[PDB]
>>> print(open('data-v3.csv').read())   # CSV, N, CA and C atoms
chain,number,residue,atom,x,y,z
A,1,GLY,N,350.3,78.4,-54.3
A,1,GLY,CA,350.7,79.7,-54.7
A,1,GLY,C,352.1,80.0,-54.5
A,2,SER,N,352.5,81.3,-54.5
A,2,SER,CA,353.8,81.8,-54.4
A,2,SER,C,354.0,82.4,-53.0
A,3,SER,N,353.1,83.4,-52.7
A,3,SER,CA,353.2,84.1,-51.4
A,3,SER,C,351.9,84.0,-50.7
A,4,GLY,N,351.9,83.8,-49.4
A,4,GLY,CA,350.7,83.8,-48.6
A,4,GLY,C,350.3,85.1,-48.0
A,5,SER,N,349.1,85.2,-47.6
A,5,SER,CA,348.6,86.5,-47.0
A,5,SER,C,347.4,86.2,-46.0
A,6,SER,N,346.9,87.2,-45.4
A,6,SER,CA,345.8,87.1,-44.4
A,6,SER,C,344.7,88.1,-44.8
A,7,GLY,N,343.5,87.8,-44.3
A,7,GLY,CA,342.4,88.7,-44.6
A,7,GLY,C,341.7,89.2,-43.3
A,8,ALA,N,340.9,90.2,-43.5
A,8,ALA,CA,340.2,90.8,-42.3
A,8,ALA,C,339.1,89.9,-41.7
A,9,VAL,N,339.2,89.6,-40.4
A,9,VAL,CA,338.3,88.8,-39.8
A,9,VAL,C,337.3,89.6,-39.0
A,10,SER,N,336.4,88.9,-38.3
A,10,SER,CA,335.3,89.5,-37.5
A,10,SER,C,335.9,90.1,-36.2
A,11,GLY,N,335.4,91.2,-35.8
A,11,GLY,CA,335.9,91.8,-34.5
A,11,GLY,C,335.4,93.2,-34.4
A,12,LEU,N,334.8,93.5,-33.2
A,12,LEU,CA,334.3,94.8,-32.9
A,12,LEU,C,335.4,95.9,-33.0
A,13,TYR,N,336.6,95.5,-32.7
A,13,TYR,CA,337.8,96.4,-32.7
A,13,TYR,C,338.5,96.2,-34.0
A,14,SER,N,339.6,97.0,-34.2
A,14,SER,CA,340.5,96.9,-35.4
A,14,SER,C,341.9,97.4,-35.1
A,15,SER,N,342.8,96.8,-35.8
A,15,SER,CA,344.2,97.1,-35.6
A,15,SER,C,344.5,98.6,-35.6
A,16,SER,N,343.6,99.3,-36.4
A,16,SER,CA,343.8,100.7,-36.6
A,16,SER,C,343.7,101.4,-35.2
A,17,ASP,N,342.8,101.1,-34.4
A,17,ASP,CA,342.6,101.7,-33.0
A,17,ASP,C,343.9,101.4,-32.2
A,18,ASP,N,343.8,101.8,-30.9
A,18,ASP,CA,345.0,101.6,-30.0
A,18,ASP,C,344.9,100.2,-29.4
A,19,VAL,N,343.8,99.6,-29.5
A,19,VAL,CA,343.6,98.2,-29.0
A,19,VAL,C,344.3,97.2,-29.8
A,20,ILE,N,345.1,96.3,-29.2
A,20,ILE,CA,345.9,95.3,-29.9
A,20,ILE,C,345.0,94.0,-30.1
A,21,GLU,N,344.8,93.7,-31.3
A,21,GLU,CA,344.0,92.5,-31.6
A,21,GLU,C,344.7,91.2,-31.1
A,22,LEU,N,344.4,90.7,-29.9
A,22,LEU,CA,345.1,89.5,-29.4
A,22,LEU,C,344.4,88.3,-29.9
A,23,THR,N,345.2,87.3,-30.3
A,23,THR,CA,344.8,86.1,-30.9
A,23,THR,C,345.4,84.9,-30.2
A,24,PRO,N,344.8,83.7,-30.3
A,24,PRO,CA,345.4,82.5,-29.8
A,24,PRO,C,346.6,82.0,-30.5
A,25,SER,N,347.2,82.9,-31.3
A,25,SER,CA,348.4,82.6,-32.0
A,25,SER,C,349.6,83.5,-31.6
A,26,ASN,N,349.3,84.6,-31.1
A,26,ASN,CA,350.3,85.6,-30.6
A,26,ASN,C,350.1,85.9,-29.2
A,27,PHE,N,348.9,85.7,-28.7
A,27,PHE,CA,348.6,86.0,-27.3
A,27,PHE,C,349.8,85.8,-26.4
A,28,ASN,N,350.6,84.8,-26.7
A,28,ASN,CA,351.8,84.4,-25.9
A,28,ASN,C,352.9,85.4,-26.3
A,29,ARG,N,353.1,85.6,-27.6
A,29,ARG,CA,354.2,86.5,-28.0
A,29,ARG,C,353.8,87.9,-27.8
A,30,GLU,N,352.6,88.2,-27.4
A,30,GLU,CA,352.1,89.5,-27.2
A,30,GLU,C,352.0,89.8,-25.7
A,31,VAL,N,351.4,88.9,-25.0
A,31,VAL,CA,351.2,89.1,-23.5
A,31,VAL,C,352.2,88.3,-22.7
A,32,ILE,N,352.1,87.0,-22.9
A,32,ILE,CA,353.0,86.1,-22.2
A,32,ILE,C,354.5,86.5,-22.4
A,33,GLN,N,354.8,87.1,-23.6
A,33,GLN,CA,356.1,87.5,-23.9
A,33,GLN,C,356.3,89.0,-23.6
A,34,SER,N,355.5,89.5,-22.7
A,34,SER,CA,355.5,90.9,-22.3
A,34,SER,C,355.8,91.1,-20.8
A,35,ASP,N,357.0,91.3,-20.5
A,35,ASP,CA,357.4,91.5,-19.1
A,35,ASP,C,356.5,92.6,-18.4
A,36,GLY,N,356.1,93.6,-19.3
A,36,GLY,CA,355.2,94.7,-18.8
A,36,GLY,C,353.8,94.2,-18.4
A,37,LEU,N,352.9,95.2,-18.3
A,37,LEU,CA,351.5,94.9,-18.0
A,37,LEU,C,350.7,94.7,-19.2
A,38,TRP,N,349.7,93.8,-19.1
A,38,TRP,CA,348.8,93.6,-20.3
A,38,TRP,C,347.3,93.5,-19.8
A,39,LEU,N,346.5,94.2,-20.5
A,39,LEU,CA,345.0,94.2,-20.2
A,39,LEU,C,344.2,93.6,-21.3
A,40,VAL,N,343.8,92.3,-21.1
A,40,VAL,CA,343.0,91.6,-22.1
A,40,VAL,C,341.6,91.5,-21.7
A,41,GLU,N,340.7,92.0,-22.6
A,41,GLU,CA,339.2,92.0,-22.3
A,41,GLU,C,338.5,91.0,-23.2
A,42,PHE,N,337.8,90.1,-22.6
A,42,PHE,CA,337.0,89.1,-23.3
A,42,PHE,C,335.6,89.6,-23.6
A,43,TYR,N,335.4,90.1,-24.9
A,43,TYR,CA,334.1,90.6,-25.3
A,43,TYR,C,333.5,89.6,-26.3
A,44,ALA,N,332.3,90.0,-26.7
A,44,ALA,CA,331.5,89.2,-27.7
A,44,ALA,C,330.8,90.0,-28.7
A,45,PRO,N,331.2,89.8,-30.0
A,45,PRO,CA,330.6,90.6,-31.1
A,45,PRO,C,329.1,90.2,-31.3
A,46,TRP,N,328.6,89.4,-30.5
A,46,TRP,CA,327.2,89.0,-30.6
A,46,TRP,C,326.4,89.5,-29.4
A,47,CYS,N,327.1,89.9,-28.3
A,47,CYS,CA,326.4,90.4,-27.1
A,47,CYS,C,326.1,91.8,-27.2
A,48,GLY,N,325.4,92.4,-26.2
A,48,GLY,CA,325.1,93.8,-26.2
A,48,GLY,C,326.1,94.6,-25.4
A,49,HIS,N,326.0,94.4,-24.0
A,49,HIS,CA,326.9,95.2,-23.1
A,49,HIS,C,328.3,95.2,-23.6
A,50,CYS,N,328.7,94.1,-24.3
A,50,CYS,CA,330.0,94.0,-24.9
A,50,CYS,C,330.3,95.0,-26.0
A,51,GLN,N,329.4,95.0,-27.0
A,51,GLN,CA,329.5,95.9,-28.1
A,51,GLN,C,329.5,97.4,-27.6
A,52,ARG,N,329.1,97.6,-26.4
A,52,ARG,CA,329.0,98.9,-25.8
A,52,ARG,C,330.3,99.2,-25.0
A,53,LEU,N,331.2,98.2,-25.0
A,53,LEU,CA,332.5,98.4,-24.3
A,53,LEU,C,333.6,98.6,-25.3
A,54,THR,N,333.3,98.8,-26.6
A,54,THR,CA,334.3,99.1,-27.6
A,54,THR,C,334.9,100.4,-27.4
A,55,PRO,N,334.2,101.5,-27.2
A,55,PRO,CA,334.7,102.8,-27.0
A,55,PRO,C,335.3,103.0,-25.7
A,56,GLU,N,334.7,102.4,-24.6
A,56,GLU,CA,335.3,102.4,-23.3
A,56,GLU,C,336.6,101.8,-23.2
A,57,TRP,N,336.7,100.6,-23.7
A,57,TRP,CA,337.9,99.8,-23.7
A,57,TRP,C,339.0,100.4,-24.6
A,58,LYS,N,338.6,100.9,-25.8
A,58,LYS,CA,339.6,101.5,-26.7
A,58,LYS,C,340.2,102.7,-26.0
A,59,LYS,N,339.4,103.6,-25.4
A,59,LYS,CA,339.9,104.8,-24.7
A,59,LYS,C,341.1,104.4,-23.8
A,60,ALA,N,340.9,103.4,-23.0
A,60,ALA,CA,341.9,103.0,-22.1
A,60,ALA,C,343.2,102.6,-22.8
A,61,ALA,N,343.0,101.9,-24.0
A,61,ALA,CA,344.1,101.5,-24.8
A,61,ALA,C,344.9,102.6,-25.4
A,62,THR,N,344.2,103.7,-25.6
A,62,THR,CA,344.9,104.9,-26.2
A,62,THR,C,345.8,105.5,-25.2
A,63,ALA,N,345.3,105.7,-23.9
A,63,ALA,CA,346.2,106.3,-22.9
A,63,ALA,C,347.2,105.3,-22.4
A,64,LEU,N,346.8,104.0,-22.2
A,64,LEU,CA,347.7,103.0,-21.7
A,64,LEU,C,348.4,102.3,-22.9
A,65,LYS,N,348.3,102.9,-24.0
A,65,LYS,CA,349.0,102.4,-25.2
A,65,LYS,C,350.4,102.1,-24.9
A,66,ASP,N,351.1,103.1,-24.3
A,66,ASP,CA,352.5,102.9,-24.0
A,66,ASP,C,352.7,102.4,-22.5
A,67,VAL,N,351.7,102.7,-21.7
A,67,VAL,CA,351.7,102.3,-20.3
A,67,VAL,C,351.4,100.8,-20.2
A,68,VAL,N,350.1,100.5,-20.4
A,68,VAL,CA,349.7,99.1,-20.3
A,68,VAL,C,349.1,98.6,-21.6
A,69,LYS,N,349.7,97.5,-22.1
A,69,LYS,CA,349.3,96.9,-23.4
A,69,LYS,C,347.8,96.4,-23.3
A,70,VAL,N,346.9,97.2,-23.8
A,70,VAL,CA,345.5,96.9,-23.7
A,70,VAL,C,345.0,96.2,-25.0
A,71,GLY,N,344.9,94.9,-24.9
A,71,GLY,CA,344.5,94.1,-26.1
A,71,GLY,C,343.0,93.8,-26.1
A,72,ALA,N,342.6,92.8,-26.9
A,72,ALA,CA,341.2,92.4,-27.0
A,72,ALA,C,341.0,91.1,-27.6
A,73,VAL,N,340.4,90.2,-26.9
A,73,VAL,CA,340.2,88.8,-27.5
A,73,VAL,C,338.7,88.5,-27.6
A,74,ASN,N,338.3,88.2,-28.8
A,74,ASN,CA,336.9,87.9,-29.1
A,74,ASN,C,336.5,86.5,-28.5
A,75,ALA,N,336.0,86.5,-27.2
A,75,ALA,CA,335.6,85.3,-26.5
A,75,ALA,C,334.8,84.4,-27.4
A,76,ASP,N,333.9,85.0,-28.2
A,76,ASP,CA,333.1,84.2,-29.2
A,76,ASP,C,334.0,83.5,-30.2
A,77,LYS,N,335.0,84.2,-30.8
A,77,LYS,CA,335.9,83.6,-31.7
A,77,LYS,C,337.0,82.8,-31.0
A,78,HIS,N,337.7,83.4,-30.2
A,78,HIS,CA,338.8,82.8,-29.5
A,78,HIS,C,338.3,82.0,-28.2
A,79,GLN,N,337.2,81.3,-28.4
A,79,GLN,CA,336.6,80.6,-27.3
A,79,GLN,C,337.6,79.8,-26.6
A,80,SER,N,338.7,79.5,-27.2
A,80,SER,CA,339.8,78.7,-26.6
A,80,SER,C,340.5,79.6,-25.6
A,81,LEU,N,340.8,80.8,-25.9
A,81,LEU,CA,341.5,81.7,-25.0
A,81,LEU,C,340.7,82.0,-23.8
A,82,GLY,N,339.4,82.4,-24.0
A,82,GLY,CA,338.5,82.7,-22.9
A,82,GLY,C,338.4,81.6,-21.9
A,83,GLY,N,337.8,80.5,-22.4
A,83,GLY,CA,337.6,79.3,-21.6
A,83,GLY,C,338.9,78.8,-21.0
A,84,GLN,N,340.0,78.8,-21.7
A,84,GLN,CA,341.3,78.4,-21.2
A,84,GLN,C,341.6,79.1,-19.9
A,85,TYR,N,341.0,80.2,-19.7
A,85,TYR,CA,341.2,81.0,-18.5
A,85,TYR,C,340.1,80.8,-17.5
A,86,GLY,N,338.9,80.8,-18.0
A,86,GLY,CA,337.7,80.6,-17.2
A,86,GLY,C,336.6,81.7,-17.5
A,87,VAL,N,336.6,82.1,-18.7
A,87,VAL,CA,335.6,83.1,-19.2
A,87,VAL,C,334.3,82.5,-19.5
A,88,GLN,N,333.2,82.8,-18.8
A,88,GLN,CA,331.9,82.2,-19.1
A,88,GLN,C,330.9,83.3,-19.3
A,89,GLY,N,331.1,84.5,-18.6
A,89,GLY,CA,330.2,85.6,-18.8
A,89,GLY,C,330.9,86.9,-19.1
A,90,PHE,N,330.7,87.4,-20.3
A,90,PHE,CA,331.3,88.7,-20.7
A,90,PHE,C,330.4,89.8,-20.5
A,91,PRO,N,330.9,91.1,-20.5
A,91,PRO,CA,332.4,91.2,-20.7
A,91,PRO,C,333.2,90.7,-19.5
A,92,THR,N,334.4,90.3,-19.8
A,92,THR,CA,335.3,89.8,-18.8
A,92,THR,C,336.8,90.3,-19.0
A,93,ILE,N,337.2,91.3,-18.1
A,93,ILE,CA,338.5,91.8,-18.2
A,93,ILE,C,339.5,91.1,-17.4
A,94,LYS,N,340.7,90.9,-17.8
A,94,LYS,CA,341.8,90.2,-17.1
A,94,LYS,C,343.1,91.0,-17.1
A,95,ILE,N,343.7,91.1,-15.9
A,95,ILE,CA,345.0,91.8,-15.8
A,95,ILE,C,346.1,90.9,-15.8
A,96,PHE,N,347.2,91.2,-16.6
A,96,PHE,CA,348.4,90.4,-16.7
A,96,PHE,C,349.6,91.1,-16.1
A,97,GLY,N,350.2,90.5,-15.2
A,97,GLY,CA,351.4,91.1,-14.6
A,97,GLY,C,352.3,90.1,-13.8
A,98,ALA,N,351.9,90.0,-12.5
A,98,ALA,CA,352.7,89.0,-11.7
A,98,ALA,C,352.8,87.7,-12.3
A,99,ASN,N,351.7,87.0,-12.5
A,99,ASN,CA,351.7,85.7,-13.2
A,99,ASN,C,351.0,85.7,-14.5
A,100,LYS,N,351.8,85.8,-15.6
A,100,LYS,CA,351.3,85.8,-16.9
A,100,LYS,C,350.4,84.6,-17.2
A,101,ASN,N,350.6,83.6,-16.4
A,101,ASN,CA,349.8,82.3,-16.6
A,101,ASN,C,348.5,82.5,-15.9
A,102,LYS,N,348.4,83.3,-14.9
A,102,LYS,CA,347.2,83.5,-14.1
A,102,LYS,C,346.9,84.9,-13.8
A,103,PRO,N,346.1,85.6,-14.7
A,103,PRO,CA,345.8,87.0,-14.6
A,103,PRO,C,344.9,87.3,-13.3
A,104,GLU,N,344.6,88.5,-13.1
A,104,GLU,CA,343.8,88.9,-12.0
A,104,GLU,C,342.4,89.4,-12.5
A,105,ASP,N,341.4,89.1,-11.7
A,105,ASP,CA,340.0,89.5,-12.1
A,105,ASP,C,339.8,91.0,-11.9
A,106,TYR,N,339.8,91.7,-13.0
A,106,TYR,CA,339.6,93.1,-13.0
A,106,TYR,C,338.2,93.5,-12.5
A,107,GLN,N,338.2,94.2,-11.3
A,107,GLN,CA,337.0,94.6,-10.7
A,107,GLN,C,336.8,96.1,-10.9
A,108,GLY,N,337.9,96.9,-11.1
A,108,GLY,CA,337.8,98.3,-11.3
A,108,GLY,C,336.7,98.7,-12.3
A,109,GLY,N,336.6,100.0,-12.5
A,109,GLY,CA,335.6,100.5,-13.5
A,109,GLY,C,335.9,100.1,-14.9
A,110,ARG,N,334.9,99.7,-15.7
A,110,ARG,CA,335.0,99.3,-17.1
A,110,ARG,C,334.9,100.5,-18.0
A,111,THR,N,335.3,101.7,-17.6
A,111,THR,CA,335.2,102.9,-18.4
A,111,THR,C,336.6,103.4,-18.8
A,112,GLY,N,336.7,103.8,-20.1
A,112,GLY,CA,338.0,104.3,-20.6
A,112,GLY,C,338.8,105.0,-19.5
A,113,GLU,N,338.1,105.7,-18.6
A,113,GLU,CA,338.8,106.5,-17.6
A,113,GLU,C,339.3,105.5,-16.5
A,114,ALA,N,338.4,104.8,-15.9
A,114,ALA,CA,338.7,103.9,-14.8
A,114,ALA,C,339.8,103.0,-15.2
A,115,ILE,N,339.7,102.3,-16.4
A,115,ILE,CA,340.7,101.4,-16.9
A,115,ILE,C,342.1,102.0,-16.8
A,116,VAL,N,342.2,103.3,-17.2
A,116,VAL,CA,343.4,104.0,-17.2
A,116,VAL,C,344.1,104.0,-15.8
A,117,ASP,N,343.2,104.4,-14.8
A,117,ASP,CA,343.7,104.4,-13.5
A,117,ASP,C,344.0,103.0,-13.0
A,118,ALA,N,343.3,102.0,-13.4
A,118,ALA,CA,343.5,100.6,-13.0
A,118,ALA,C,344.8,100.1,-13.6
A,119,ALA,N,345.1,100.3,-14.9
A,119,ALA,CA,346.3,99.8,-15.5
A,119,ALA,C,347.5,100.4,-14.8
A,120,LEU,N,347.4,101.7,-14.5
A,120,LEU,CA,348.5,102.4,-13.8
A,120,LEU,C,348.8,101.8,-12.4
A,121,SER,N,347.8,101.8,-11.6
A,121,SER,CA,347.9,101.3,-10.2
A,121,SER,C,348.7,99.9,-10.2
A,122,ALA,N,348.3,99.1,-11.2
A,122,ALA,CA,348.9,97.8,-11.3
A,122,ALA,C,350.3,97.9,-11.8
A,123,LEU,N,350.6,98.7,-12.8
A,123,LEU,CA,351.9,98.9,-13.4
A,123,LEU,C,352.9,99.2,-12.2
A,124,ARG,N,352.6,100.2,-11.4
A,124,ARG,CA,353.5,100.5,-10.3
A,124,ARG,C,354.0,99.3,-9.6
A,125,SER,N,353.0,98.5,-9.1
A,125,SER,CA,353.4,97.2,-8.4
A,125,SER,C,354.5,96.5,-9.1
A,126,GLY,N,354.6,96.6,-10.4
A,126,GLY,CA,355.7,95.9,-11.1
A,126,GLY,C,356.9,96.8,-11.3
A,127,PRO,N,358.1,96.2,-11.3
A,127,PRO,CA,359.3,96.9,-11.5
A,127,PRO,C,359.5,97.5,-12.8
A,128,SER,N,359.0,96.8,-13.8
A,128,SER,CA,359.1,97.3,-15.2
A,128,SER,C,358.7,98.8,-15.3
A,129,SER,N,359.8,99.6,-15.4
A,129,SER,CA,359.5,101.1,-15.5
A,129,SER,C,358.9,101.4,-16.8
A,130,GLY,N,358.4,102.6,-16.9
A,130,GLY,CA,357.7,103.1,-18.1
A,130,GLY,C,356.2,103.2,-17.9
>>> encode(input="data-v3.csv", output="C-alpha cells")
Amino acid sequence: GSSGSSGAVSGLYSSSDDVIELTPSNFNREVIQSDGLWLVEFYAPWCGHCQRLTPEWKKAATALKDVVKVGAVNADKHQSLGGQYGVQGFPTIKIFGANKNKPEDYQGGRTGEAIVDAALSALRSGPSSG
C-alpha cells in the first residue's frame, strides 16, 4: 500500500478514558521512559473480578491523570508483559518508581479512591515534582 494504519483491538478500557493503553511496544517509552510514577494494572478481559475493576481503575487514572500515569495492560493479550514481571493471578497492580525495571507489589485498596491515595503517597517519595 501507500500509508499504514492501525485498528481497534480488544480491551476493557479505551484510549478515550483517562487510562493509558499500555502495550509491549510502548510500555518502555511510556513507563520505562517516564521519570515520574506509573501505575500498571494487569487485568483480564476474560476474568470476572477484573472486568469489575474497569471503573475502579479508571477513576484513579482520572485523578492521577497528571499525578501518576495510570495505564493498563491486558495480561491475557500482553501475556509477555505480565509474565515478564511475574503476573500469574489477576487482577495484579504494579507500581513503577524507584526501579522502573522492578515495580512494587501494590497492596493498597483497589478502589478508584484508594488508588488515588496510593499513587500520591508513592509520588512524594520521588523527587519528580508535580
>>> closest_residue(input="data-v3.csv", among="A:112, A:83, A:45, A:36", to="residue A:98", atoms="all atoms listed in the file")
A:36
>>> atom_distance(input="data-v3.csv", atom1="atom CA of residue A:71", atom2="atom CA of residue A:10")
15.4 Å
>>> atom_distance(input="data-v3.csv", atom1="atom N of residue A:69", atom2="atom N of residue A:44")
19.5 Å
>>> select_by_dssp(input="data-v3.csv", residues="chain A", states="strand (DSSP E or B)", output="compact mmCIF listing (two decimals) with N, CA and C atoms, keeping the file's coordinate frame")
# COMPACT_ATOMS: atom_id res chain seq x y z
N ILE A 20 345.10 96.30 -29.20
CA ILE A 20 345.90 95.30 -29.90
C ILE A 20 345.00 94.00 -30.10
N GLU A 21 344.80 93.70 -31.30
CA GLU A 21 344.00 92.50 -31.60
C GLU A 21 344.70 91.20 -31.10
N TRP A 38 349.70 93.80 -19.10
CA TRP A 38 348.80 93.60 -20.30
C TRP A 38 347.30 93.50 -19.80
N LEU A 39 346.50 94.20 -20.50
CA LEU A 39 345.00 94.20 -20.20
C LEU A 39 344.20 93.60 -21.30
N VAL A 40 343.80 92.30 -21.10
CA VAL A 40 343.00 91.60 -22.10
C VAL A 40 341.60 91.50 -21.70
N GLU A 41 340.70 92.00 -22.60
CA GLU A 41 339.20 92.00 -22.30
C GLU A 41 338.50 91.00 -23.20
N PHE A 42 337.80 90.10 -22.60
CA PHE A 42 337.00 89.10 -23.30
C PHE A 42 335.60 89.60 -23.60
N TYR A 43 335.40 90.10 -24.90
CA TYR A 43 334.10 90.60 -25.30
C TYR A 43 333.50 89.60 -26.30
N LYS A 69 349.70 97.50 -22.10
CA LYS A 69 349.30 96.90 -23.40
C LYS A 69 347.80 96.40 -23.30
N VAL A 70 346.90 97.20 -23.80
CA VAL A 70 345.50 96.90 -23.70
C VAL A 70 345.00 96.20 -25.00
N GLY A 71 344.90 94.90 -24.90
CA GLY A 71 344.50 94.10 -26.10
C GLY A 71 343.00 93.80 -26.10
N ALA A 72 342.60 92.80 -26.90
CA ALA A 72 341.20 92.40 -27.00
C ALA A 72 341.00 91.10 -27.60
N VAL A 73 340.40 90.20 -26.90
CA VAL A 73 340.20 88.80 -27.50
C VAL A 73 338.70 88.50 -27.60
N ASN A 74 338.30 88.20 -28.80
CA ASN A 74 336.90 87.90 -29.10
C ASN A 74 336.50 86.50 -28.50
N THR A 92 334.40 90.30 -19.80
CA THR A 92 335.30 89.80 -18.80
C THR A 92 336.80 90.30 -19.00
N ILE A 93 337.20 91.30 -18.10
CA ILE A 93 338.50 91.80 -18.20
C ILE A 93 339.50 91.10 -17.40
N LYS A 94 340.70 90.90 -17.80
CA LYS A 94 341.80 90.20 -17.10
C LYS A 94 343.10 91.00 -17.10
N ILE A 95 343.70 91.10 -15.90
CA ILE A 95 345.00 91.80 -15.80
C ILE A 95 346.10 90.90 -15.80
N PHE A 96 347.20 91.20 -16.60
CA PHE A 96 348.40 90.40 -16.70
C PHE A 96 349.60 91.10 -16.10
N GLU A 104 344.60 88.50 -13.10
CA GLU A 104 343.80 88.90 -12.00
C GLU A 104 342.40 89.40 -12.50
N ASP A 105 341.40 89.10 -11.70
CA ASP A 105 340.00 89.50 -12.10
C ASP A 105 339.80 91.00 -11.90
>>> residues_around(input="data-v3.csv", residues="stretch 46-60 of chain A", least_positions_apart="5", cutoff="6.5 Å", atoms="all atoms listed in the file", output="count of residues only")
13
>>> residues_around(input="data-v3.csv", residues="stretch 20-26 of chain A", least_positions_apart="4", cutoff="7 Å", atoms="only N, CA and C atoms", output="PyMOL selection string")
chain A and resi 14-15+30-32+61+69-74+78+81
>>> write_last_selection(input="data-v3.csv", atoms="N, CA and C atoms", output="PDB file, in the frame of the given file")
ATOM      1  N   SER A  14     339.600  97.000 -34.200  1.00  0.00           N
ATOM      2  CA  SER A  14     340.500  96.900 -35.400  1.00  0.00           C
ATOM      3  C   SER A  14     341.900  97.400 -35.100  1.00  0.00           C
ATOM      4  N   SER A  15     342.800  96.800 -35.800  1.00  0.00           N
ATOM      5  CA  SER A  15     344.200  97.100 -35.600  1.00  0.00           C
ATOM      6  C   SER A  15     344.500  98.600 -35.600  1.00  0.00           C
ATOM      7  N   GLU A  30     352.600  88.200 -27.400  1.00  0.00           N
ATOM      8  CA  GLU A  30     352.100  89.500 -27.200  1.00  0.00           C
ATOM      9  C   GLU A  30     352.000  89.800 -25.700  1.00  0.00           C
ATOM     10  N   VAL A  31     351.400  88.900 -25.000  1.00  0.00           N
ATOM     11  CA  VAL A  31     351.200  89.100 -23.500  1.00  0.00           C
ATOM     12  C   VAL A  31     352.200  88.300 -22.700  1.00  0.00           C
ATOM     13  N   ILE A  32     352.100  87.000 -22.900  1.00  0.00           N
ATOM     14  CA  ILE A  32     353.000  86.100 -22.200  1.00  0.00           C
ATOM     15  C   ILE A  32     354.500  86.500 -22.400  1.00  0.00           C
ATOM     16  N   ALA A  61     343.000 101.900 -24.000  1.00  0.00           N
ATOM     17  CA  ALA A  61     344.100 101.500 -24.800  1.00  0.00           C
ATOM     18  C   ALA A  61     344.900 102.600 -25.400  1.00  0.00           C
ATOM     19  N   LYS A  69     349.700  97.500 -22.100  1.00  0.00           N
ATOM     20  CA  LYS A  69     349.300  96.900 -23.400  1.00  0.00           C
ATOM     21  C   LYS A  69     347.800  96.400 -23.300  1.00  0.00           C
ATOM     22  N   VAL A  70     346.900  97.200 -23.800  1.00  0.00           N
ATOM     23  CA  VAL A  70     345.500  96.900 -23.700  1.00  0.00           C
ATOM     24  C   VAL A  70     345.000  96.200 -25.000  1.00  0.00           C
ATOM     25  N   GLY A  71     344.900  94.900 -24.900  1.00  0.00           N
ATOM     26  CA  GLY A  71     344.500  94.100 -26.100  1.00  0.00           C
ATOM     27  C   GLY A  71     343.000  93.800 -26.100  1.00  0.00           C
ATOM     28  N   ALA A  72     342.600  92.800 -26.900  1.00  0.00           N
ATOM     29  CA  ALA A  72     341.200  92.400 -27.000  1.00  0.00           C
ATOM     30  C   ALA A  72     341.000  91.100 -27.600  1.00  0.00           C
ATOM     31  N   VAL A  73     340.400  90.200 -26.900  1.00  0.00           N
ATOM     32  CA  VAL A  73     340.200  88.800 -27.500  1.00  0.00           C
ATOM     33  C   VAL A  73     338.700  88.500 -27.600  1.00  0.00           C
ATOM     34  N   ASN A  74     338.300  88.200 -28.800  1.00  0.00           N
ATOM     35  CA  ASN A  74     336.900  87.900 -29.100  1.00  0.00           C
ATOM     36  C   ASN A  74     336.500  86.500 -28.500  1.00  0.00           C
ATOM     37  N   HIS A  78     337.700  83.400 -30.200  1.00  0.00           N
ATOM     38  CA  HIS A  78     338.800  82.800 -29.500  1.00  0.00           C
ATOM     39  C   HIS A  78     338.300  82.000 -28.200  1.00  0.00           C
ATOM     40  N   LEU A  81     340.800  80.800 -25.900  1.00  0.00           N
ATOM     41  CA  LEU A  81     341.500  81.700 -25.000  1.00  0.00           C
ATOM     42  C   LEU A  81     340.700  82.000 -23.800  1.00  0.00           C
TER      43      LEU A  81
END
>>> residues_near_point(input="data-v3.csv", point="(354.9, 98.7, -15.8)", cutoff="8 Å", atoms="only N, CA and C atoms", output="ChimeraX atom specification")
/A:35-38,66-68,119-120,122-130
>>> atom_distance(input="data-v3.csv", atom1="atom CA of residue A:108", atom2="atom CA of residue A:86")
18.7 Å
>>> select_by_dssp(input="data-v3.csv", residues="chain A", states="alpha helix (DSSP H)", output="VMD selection string")
chain A and resid 27 54 to 63 79 to 85 112 to 125
>>> residues_around(input="data-v3.csv", residues="residue A:75", least_positions_apart="3", cutoff="5 Å", atoms="only N, CA and C atoms", output="list in words")
residues 42, 43, 78 and 79 of chain A
>>> decode(input="data-v3.csv", residues="stretch 110-116 of chain A", atoms="N, CA, C and O atoms", output="PDB file, in the first residue's frame")
ATOM      1  N   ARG A 110      -7.883  -1.392  45.949  1.00  0.00           N
ATOM      2  CA  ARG A 110      -8.048  -1.420  44.501  1.00  0.00           C
ATOM      3  C   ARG A 110      -9.277  -0.620  44.078  1.00  0.00           C
ATOM      4  O   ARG A 110      -9.945  -0.955  43.099  1.00  0.00           O
ATOM      5  N   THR A 111      -9.571   0.442  44.823  1.00  0.00           N
ATOM      6  CA  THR A 111     -10.719   1.290  44.527  1.00  0.00           C
ATOM      7  C   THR A 111     -10.277   2.645  43.987  1.00  0.00           C
ATOM      8  O   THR A 111      -9.303   3.227  44.464  1.00  0.00           O
ATOM      9  N   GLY A 112     -11.001   3.145  42.990  1.00  0.00           N
ATOM     10  CA  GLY A 112     -10.668   4.430  42.404  1.00  0.00           C
ATOM     11  C   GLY A 112     -10.181   5.430  43.435  1.00  0.00           C
ATOM     12  O   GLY A 112      -9.333   6.271  43.139  1.00  0.00           O
ATOM     13  N   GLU A 113     -10.720   5.338  44.647  1.00  0.00           N
ATOM     14  CA  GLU A 113     -10.336   6.244  45.723  1.00  0.00           C
ATOM     15  C   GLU A 113      -8.975   5.858  46.299  1.00  0.00           C
ATOM     16  O   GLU A 113      -8.030   6.644  46.263  1.00  0.00           O
ATOM     17  N   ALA A 114      -8.887   4.643  46.830  1.00  0.00           N
ATOM     18  CA  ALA A 114      -7.645   4.152  47.413  1.00  0.00           C
ATOM     19  C   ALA A 114      -6.470   4.373  46.465  1.00  0.00           C
ATOM     20  O   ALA A 114      -5.449   4.945  46.849  1.00  0.00           O
ATOM     21  N   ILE A 115      -6.621   3.915  45.227  1.00  0.00           N
ATOM     22  CA  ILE A 115      -5.572   4.063  44.225  1.00  0.00           C
ATOM     23  C   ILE A 115      -5.032   5.489  44.201  1.00  0.00           C
ATOM     24  O   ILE A 115      -3.821   5.704  44.149  1.00  0.00           O
ATOM     25  N   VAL A 116      -5.938   6.460  44.242  1.00  0.00           N
ATOM     26  CA  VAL A 116      -5.552   7.866  44.228  1.00  0.00           C
ATOM     27  C   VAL A 116      -4.606   8.188  45.379  1.00  0.00           C
ATOM     28  O   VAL A 116      -3.580   8.841  45.187  1.00  0.00           O
TER      29      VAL A 116
END
